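Enquirer: Chains as they are written, first to last, in the numbering used here: chain A, 75 to 512; chain B, 188 to 239; chain C, 4 to 53; chain D, 18 to 63; chain E, 0 to 149; chain F, 192 to 618.
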Amino acid sequence: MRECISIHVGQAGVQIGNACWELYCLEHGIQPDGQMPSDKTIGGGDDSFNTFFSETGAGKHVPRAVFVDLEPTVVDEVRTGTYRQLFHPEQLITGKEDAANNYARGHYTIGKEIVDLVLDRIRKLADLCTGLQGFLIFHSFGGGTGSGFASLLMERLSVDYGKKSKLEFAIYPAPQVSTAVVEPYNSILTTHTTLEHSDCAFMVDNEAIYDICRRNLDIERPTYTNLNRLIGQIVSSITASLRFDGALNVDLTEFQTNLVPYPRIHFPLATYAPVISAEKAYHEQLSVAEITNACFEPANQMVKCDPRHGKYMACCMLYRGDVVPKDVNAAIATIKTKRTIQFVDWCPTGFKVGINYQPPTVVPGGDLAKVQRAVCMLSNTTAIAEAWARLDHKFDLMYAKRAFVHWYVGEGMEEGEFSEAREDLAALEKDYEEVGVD
Amino acid sequence: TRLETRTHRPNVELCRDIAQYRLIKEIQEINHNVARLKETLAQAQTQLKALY
Amino acid sequence: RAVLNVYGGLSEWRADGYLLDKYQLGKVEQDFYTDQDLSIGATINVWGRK
Amino acid sequence: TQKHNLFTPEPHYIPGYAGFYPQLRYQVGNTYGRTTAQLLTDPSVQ
Amino acid sequence: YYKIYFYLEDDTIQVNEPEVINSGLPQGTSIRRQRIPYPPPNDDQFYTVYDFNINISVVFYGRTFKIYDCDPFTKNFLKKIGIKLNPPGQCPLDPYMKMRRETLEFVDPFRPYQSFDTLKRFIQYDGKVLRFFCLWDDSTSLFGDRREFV
Amino acid sequence: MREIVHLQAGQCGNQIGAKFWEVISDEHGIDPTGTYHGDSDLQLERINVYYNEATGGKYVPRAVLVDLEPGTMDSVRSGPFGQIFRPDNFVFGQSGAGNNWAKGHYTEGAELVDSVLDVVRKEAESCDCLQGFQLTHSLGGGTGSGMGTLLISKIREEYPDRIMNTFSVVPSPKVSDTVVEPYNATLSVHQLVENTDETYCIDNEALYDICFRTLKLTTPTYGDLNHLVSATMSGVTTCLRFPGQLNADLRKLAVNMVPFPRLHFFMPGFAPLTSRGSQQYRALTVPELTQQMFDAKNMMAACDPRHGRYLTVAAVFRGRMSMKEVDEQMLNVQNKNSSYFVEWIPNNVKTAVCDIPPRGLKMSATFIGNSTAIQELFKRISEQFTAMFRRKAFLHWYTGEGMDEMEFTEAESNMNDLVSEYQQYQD
Ligand SMILES: Nc1nc2c(ncn2[C@@H]2O[C@H](COP(=O)(O)OP(=O)(O)OP(=O)(O)O)[C@@H](O)[C@H]2O)c(=O)[nH]1
Ligand SMILES: Nc1nc2c(ncn2[C@@H]2O[C@H](COP(=O)(O)OP(=O)(O)OP(=O)(O)O)[C@@H](O)[C@H]2O)c(=O)[nH]1
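#1: By how many angstroms is the C-alpha of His219/B removed from the C-alpha of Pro197/B?
#2: In terms of residues, what are the limits of the beta strand (DSSP E) holding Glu516/F?
#3: Can you give the Cα-Cα distance for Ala45/C and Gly51/C, rounded to whole angstroms?
#4: Between the alpha carbons of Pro433/A and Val445/A, how many angstroms are there, rounded?
#5: On a CA-only basis, which of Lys345/F, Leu326/F, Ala315/F, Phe451/F is nearest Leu609/F? Give me that one, please.
#6: Output, in sequence order along the chain, the residues in the segment 22–35 of chain C whose CB is closer than 7 Å to any CB in chain F.
#7: Out of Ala492/F, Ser555/F, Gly551/F, point me to the one whose CA is closest to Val507/F's CA.
#8: Report the rounded CA-to-CA distance for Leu392/A versus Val449/A, giving the unit in angstroms.
#9: Going by beta-carbon coordinates alone, are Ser562/F and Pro496/F separated by less than 9 Å?
#10: Ligand 1 and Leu241/A: does any heavy atom of the ligand fall closer than 8 Å to the residue's C-beta?
#11: What residue ranges within the segment 278–340 of chain F form continuous alpha helix (DSSP H) runs of no fewer than 4 residues, ordered along the chain?
#12: Report all residues from its chain with a CB closer than 7 Å to the CB of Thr268/A; omit the five preceding and five following residues, and keep chain order.
#13: Span of the beta strand (DSSP E) holding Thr63/E?
#14: Please give the ranges of any alpha helix (DSSP H) in the segment 286–335 of chain A, keeping only runs that are unbroken, at least 4 residues long and fully inside the region.
#15: Taking only runs that begin and end inside the segment 195–224 of chain B, name each unbroken beta strand (DSSP E) of 3 or more residues, in chain order.
#16: If you run the structure through DSSP and keep just helix, strand and coil, what is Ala445/F?
#17: What does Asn260/A touch in chain F if you count any residue whose Cβ is under 8 Å from its own?
#18: For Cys545/F, name the three-state secondary structure that DSSP assigns.
#19: Can we say the segment 415–430 of chain A touches the segment 314–334 of chain A, given the rule of at least three CB pairs closer than 8 Å?
#20: Taking the alpha-carbon positions, what's the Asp279/F to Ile221/F distance?
#21: How about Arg496/A and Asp512/A: do their beta carbons lie closer than 9 Å?
#22: Along the chain, where does the beta strand (DSSP E) containing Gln13/E start, and where does it finish?
#23: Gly81/E touches chain I at which residues, Cβ-Cβ below 8 Å?
#24: Give a yes or no on whether 9 Å exceeds the smallest Cβ distance from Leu416/F to chain E.
#25: Label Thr28/E either buried or exposed according to how many other C-beta atoms from any shown protein chain fall within 10 Å of its C-beta, with 16 as the threshold for buried.
#26: So if I threshold CB-CB distances at 8 Å, which residues from the segment 437–470 of chain F count as touching chain E?
#27: Given a threshold of 16 other Cβ atoms within 10 Å of its Cβ, counted over all protein chains shown, does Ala363/A qualify as buried or as exposed?
#28: Whole angstroms is fine: what's the gap from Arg277/F's alpha carbon to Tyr242/F's?
#29: Run through DSSP, which three-state label would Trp135/E get?
#30: Using a beta-carbon distance cut-off of less than 9 Å, what residues from the segment 140–167 of chain A approach chain D?
#31: For ligand 1, is there a heavy atom less than 8 Å away from the beta-carbon of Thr265/A?
#32: If we call anything under 9 Å between Cβ atoms a contact, is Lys468/A one with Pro364/F?
#33: Taking just the CA atoms, how far does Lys345/F sit from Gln382/F?
#34: Helix, strand or coil for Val256/A, going by three-state DSSP, please let me know.
#35: Look up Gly87/A in the DSSP assignment and say whether it is helix, strand or coil.
Here's what the structure looks like:
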């Protein structure tokens, strides 16, 4: 009906897959068993749960999500958690060796002999699926292993199924915190390989999520237990429109056809504004005006870019909970009247609004708060040019002095790819400068 | 027990009267006699030491 | 006895070496009819001979 | 160190794990489930 | 483990710890040679020799010690002044220290071995034999009845 | 699945392995006898990286012990864990060594190699898939160098796809004991630099200093030294056998750690050292773990990099931390001294965070660093070799063995090449 296919790769992937599916189970009331309490809902497999789960004639809810990893550690852990019985067994595919941060290793030496079973699984889900609107991919550009494999498999899907959308949600390389030296290499390779088969891209940054964590959630000792939960809330927000019913609904088809201005550039940014603690939300007020001002507050985004050093051209606002369009348009009009926000001329309006009356959820054992109104913002801007400038003036030096290239010429490649990637990136900057030019 | 339990009279039902007075006096005498007795024990054991 | 290893067949100088040990694992119990249990009148089993 | 359990009672071990199951070398039985079943049925050595 | 010295001349106390090799611990003088007051529910009086017996407990500035031994001279002076000893106690074995130096005595080699021999017993009892007679019953089997062995 | 086979070469490596193995086993919960005691699920699972399985629950190590002096292996077998070692992997010769490297490299090793190769390939086929081999040996000890050079050389072309983690002890810059140590070390390092990829070099002078600094007992043993070094290798190996949102593989470390083929030398570093009374006088907190880790007195491998500069560093923590504290500590050190590192590369910091704290504490760490600080060491050995070579004393033995002084000349050439490239890079 209205359903998508989910793919997570990497120890970084199963991280957020774990968190997100745990969140997923509560709102549909899914105990770790797979079958429900007394009240009957099963049928021709036709009610809300269907958009993510495929509850078979068994009554067990079986997700349409595939977890691929090349290391036995995290896959054994997740298979030994509590939610193990739900997951489909060889929809949880494991390997024995790593790419050792080497994107070429992850794409060439090992990935060839696993994508065969990957294809098997993905098409034997596609056959049963009915609408098959889109894909949900989870990886990291600075992938230690999940970079090259993800690129290869997305290329294969691009060449076999050339009709649906492709959505990417990745932890972007942190600008000034780097866990190794391979990150510029693997990032530039993945980006320049995927520029023409990726449809829509979203990047997030752990430093910014940390700053929010000790800014308004004011707990200085959280972990991924916090961060993955927040990003999972983001994805729940972006899929609520497909999940439930509402006054007016908006689909990822429209997301693609609107948020991208023009080809190449398909890199917006996201934000959940009312991230706030239990006590805060308890004894302070919440309404439309303040949450909209907050969603334009620059320091609550998840990439260190200065909007006033950039310029906006697109915005997609999702309201979840109880709202009416009148104060909605009031607030958006007030912000348009406000001046420091610098809209590029080419968009007279740039706002697409999606309303879903259902309020978001709260998870037991969590630190979030009761929500009646939630705003999720997806905006495309020009402020991220600084990121690519940083990465290129990083990579230039390493290419100049030829360090670690032995590791790659050993596994069987040359410098043509390394060089070609930088002119791809340069094309990105020239196009962004042109679109900043009126 | 007695002085503790006679502390839950609601509103004006408390009289601080002669019973209270003499019960307090009884507490005084208990403590004072205990002190004297302990002192006497001390002297006794010391002189037993001398006998040994 | 309990030999540990043989380094000889590497070359040929003697009939190889016999390194010893210090813990003697696998010594299994086999008692034998000594001089003690001997008297006119007793029971002795001799491979099935009462 | 300070942590939680694993290999809970018989019913267990979705096939796919690497690793050493304790006392895993009596496998004339054939299904992964029955293997694991007898494995946890046999901690009896002490 | 600690030593307690009582100076009668001024009624003062000095506590120290003996030096132990490979301690990995500070040592030397503990609390100096002064007066010590009780723990406070009351402090104006100080300790006096009239309360010191073996197998009892004391505390000094929150440092609780237990008495387990004394000296010949101590027994002389106590059976000179009057307190009655209870039967002396028992001192335990410090676990870390005992384990580490039993490991370091495990590291104290002798190059051991064991072997065997036959000749001396062989010769001592060479060329002697005992001679003894016996009988086996056979009528159990329905064919044989008796036969004699030596 | 992935496993490791250990090489215990020469007399040094023998006692090193004794301590190392008993340390791993005691942490991992196997008795000296062999009958494990059920306590820990996760160790019970990941035991297969090292220990293979006999019947009944008794575990065979995948280690190969070699030496030439039978009494050495007699003493090792006498230790509390000879019964946890196997006679099968006990192989030995008859002749004393004299710690002559040419002896170890051309005459008796020439026939001792074959049998050990056959046994090790037996075990290598017994297992499923190795990632490489870790070797424990000496470069100032004769038999270790003379044999291990040949061994590493041949295994390199045996299997060209595995990691040669090497662990070689280094002679004292103040007393070299074996007077022919210059010759031994030079000849050994010649093939070391060729065959090895990663090497840890260990000198015991800093061990003595740390015995006077934090061990603070002044009456130590080589056993205590082995305790410390064994703990360090334990720490480097922990990540594999344990869960956590970290990367473990030695290759995941090395390919991140080394930029160029000719860079191989490495500096072990440890985490909280606890003295006589610092137990109850210390708070085990992130700032102080970071500080002590980075401390110069704390460093114990070769010498202070104060004269030089850093190239890369990696750190493995083991405890219930969070990512934010380690990231902010990394920024703090970076911006406290952004000069002592090299502007060539950013982000010279490598991290791993395991969630399985060791036995006895709650959080711990280990530090490995590549810094331009081994220049002084191999420069010292340069003067040693030259000042000896100018009058060819003692060379009659080596000539009688039968080689040329020309080979010595190429050895000193390669050594000076390392000197030159370290200098030419850092400066
Ligand atoms: N999605 C996700 N990412 C994380 C998490 N924690 C850290 N990260 C980031 O994700 C990155 C992990 O990517 P990689 O190391 O390349 O993973 P990989 O290529 O699949 O293979 P490995 O070398 O085994 O990790 C790290 O550098 C972190 O910055 C997490 O819990 N979830
Ligand atoms: N195991 C051990 N090794 C030590 C000890 N003290 C010093 N060593 C060093 O260990 C070095 C070599 O050990 P091996 O690897 O067996 O080297 P080798 O070829 O036998 O040469 P040498 O032992 O030096 O004669 C010696 O050169 C010593 O410098 C110690 O107490 N125990």
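Even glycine gets a Cβ: it sits at the ideal position worked out from N, Cα and C.
Expert: Working from what's here:
#1: 34 Å
#2: Annotation: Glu516/F is outside any beta strand (DSSP E); the continuous alpha helix (DSSP H) that includes it extends over 514–527.
#3: 15 Å
#4: Going from the Cα of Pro433/A to the Cα of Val445/A covers about 7 Å.
#5: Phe451/F
#6: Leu22, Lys25, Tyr26
#7: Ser555/F
#8: Approximately 6 Å between the Cα atoms of the pair.
#9: yes
#10: no
#11: 300–317
#12: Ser225, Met228
#13: Looking at the DSSP string, the run of the beta strand (DSSP E) that includes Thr63/E is 62–65.
#14: 298–317, 326–333
#15: none
#16: helix
#17: None at all; the shortest Cβ gap to chain F is about 12 Å.
#18: strand
#19: yes
#20: 21 Å
#21: no
#22: 11–16
#23: Absence of chain I from the displayed structure is noted, the protein chains being A, B, C, D, E and F.
#24: For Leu416/F, the answer is no, since every Cβ of chain E falls outside 9 Å of its Cβ.
#25: Result: exposed.
#26: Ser466, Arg467, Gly468
#27: Around the beta carbon of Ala363/A, fewer than 16 other beta carbons lie within 10 angstroms, which makes this residue exposed.
#28: 13 Å
#29: It is a strand residue.
#30: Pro146, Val149, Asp150, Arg153, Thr154, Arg158, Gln159, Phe161, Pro163, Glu164, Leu166, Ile167
#31: no
#32: no
#33: 11 Å
#34: coil
#35: helix
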